[PDB]
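In the block that follows, a single chain appears as structure tokens, in the form deposited in one PDB entry.
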């Protein structure tokens, strides 16, 4: 029994942990399957991808091509249908017709063995025809056989009759494959489209209150949902909605002691009022939450709840399950940390005294919110809990409810980021906020749209309550516009945290990435009506970007992405394609200065010849342009961050 088969097919990709975990896709997503394929000797090889659905049903004929000369690396694009666990193989084979044609094209004009060459061709086309059904196609090939055998015609005429486009056409659909050799199957987990594609909006319900009751309730926060839906968002991410501890409650601006009216951090979960399966009393009741969920759903919005596996000192778990915490010799539980940050208001969970009880309680809590319509969870700091714990929990939840989506908020080292995605997190936060130059963006997106896409789906939040980047602090509104265009067009999933659209960019202090007067620690009423009337919000641009994504399939996927060269370091250009849809984006990364540049398009990567001209429409403005291999652009910050163009027919 040999490891290599008759025709080598080696190192099939995508592959995750050597085949022990599934590669990822969503319904309708196209991705490349590749392999190393070659044979002994100099005859031609062919290959094809066999994609099988959860019932074992194979997909269409999907022939492969060598991706670059002399590499023996072959690839083809496949497309996932329904959700479930699929599998794929690569089949490799001797290609006798290509081999014979190449030898006949030489030997016939040279007059070498022409009788043998033509008869071998005749026998070979007969062999091909034996497998073709449909009298017409088989007749086509058999007529080429008879022409090859017709010694009353010149040798070149007999040969030419085997090389007509009509014959190529039959052979294209019904190729003759020798020595077919298959790779072993690899697993593919196909999930619902929202796992890859969607626009996210994060806000704090308690901040959306009234003049007379500043602390919002679920009923007053529900009134914010129409504006969010109107900006074209699909997912609403809420910080924790549970009671908040009082012991070591944090005050405003991340101070260590709260005054009497201070609301504390929502992540300091738990009190005598309840824990992770309960509602903060000032938000109202579970029925109020159901109202919020209902109103969201009527607007096409899905709720994502924060799941933060940790506790305030007042949480019932502290006395109900002491073994879920690490106690020092004096009984104290050290407060959680994520250095250099400190979380004085919470205890971290310890997992090694009662891992079964913790997994049971975790999936209980998730299934409670799932029963109330929550099918997406944003998991807070997953990298401070064991990787295998999430592996278990996610497998459990998705085993009964495969539609549930888990988003990993893991801003940490690459190994942990990648492993969390690989053990089942449907989506991952990314380094996006720290990729701001053209070089950083090009390199990072080349990584994310490449091999990493077989196990990770990025969620590009342009800001979070914890990340106000210096780019936004120093660039003002034109920088907010640039980052929104970049996030919305470079990832099929993007998000903003409320106040982004108002261009809030005052840091806690120079060199910080915290917001001054952060909403994590205080109510943050925002005058949405005034900002809208005065035009001091970028909500219209956000709306337009989400509309462009909804109208352009190229922007609803990740892996098809190509950067085109420009001659200015501050101007980046890239395109994305899905079927006949092509989107071409040119962004001025400079938020302070007008930039002119020549964008030299790689015409073939747009499916075009070098001399063609591409008619494009700038979906941000509706202006039409005529663009060829080389195009002058002039982008004035404030007036326009970018061109977001579709190529027209």
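Positions refer to the first chain, counted from 1. Under this definition, the rigid core comprises the largest set of C-alpha atoms superposing within 1.5 Å between the forms.
Keep in mind the form deposited in another entry is missing from the figure; the text below concerns it.
Novice: Can you tell which residue in 303, 539, 132, 279 has its CA shifted by 2 Å or more between this form and the one not shown when the core is superposed?
Specialist: Result of the comparison: 132.
Novice: Would you say residue 153 moves between this form and the one not shown, meaning its CA shifts by 2 Å or more once the core is fitted?
Specialist: Passes the 2 Å threshold, so yes.
Novice: Aligning on the core only, does the CA of residue 109 end up 2 angstroms or more away between this form and the one not shown?
Specialist: It does shift by 2 Å or more.
Novice: Would you say residue 167 moves between this form and the one not shown, meaning its CA shifts by 2 Å or more once the core is fitted?
Specialist: True for residue 167: a C-alpha shift of 2 Å or more.
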